[PDB]
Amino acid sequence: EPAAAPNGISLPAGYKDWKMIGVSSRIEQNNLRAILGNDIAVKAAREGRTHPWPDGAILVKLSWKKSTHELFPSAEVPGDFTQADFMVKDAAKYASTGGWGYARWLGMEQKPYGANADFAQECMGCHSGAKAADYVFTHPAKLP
């Protein structure tokens, strides 16, 4: 089992089996990302209950290096897995980080990120830009 994050959050088991909320590509990072969520999160996302997200909602963003497909150079496809970023909603328990518990695990080896238990202030530094949207940038992708 991977080590916990320095703020005590354990790696959510089973996140590879979760349903999709969106996808993204970060230009500046040369990364492709999938955004998944547990069933609490997915229900919320689909029903628009995101002001705030419900307690128990977990979002995960999975990041891979962009490569190009060997048979189809215009297709940018995942290569190396770089990290898994989580946000766990618990309004009471993480009230100091805006009601979310942040945690990141690096690579296939899944080393928990962060020098100490205050690493999540780094997350907050950017995520506070989405404070109006409960610190979540992702808009759930449209599906019929």
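We number the residues from 1 along the sequence you see.
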Would you mind comparing 49-57 and 102-110 for me and telling me which has the higher average C-alpha temperature factor in the entry?
49-57
Mean C-alpha B factor from the entry: is it higher for 7-15 or for 125-133?
125-133
Whose C-alpha has the highest temperature factor in the PDB entry: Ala75, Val88, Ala92, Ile40?
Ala92
Check where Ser67 lands among this chain's C-alpha B-factors and tell me if it's the lowest, middle or highest third.
middle
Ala115: C-alpha B-factor third of its chain, per the entry, is the highest
Of the three thirds of the chain ranked by Cα temperature factor, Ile27 occupies the highest
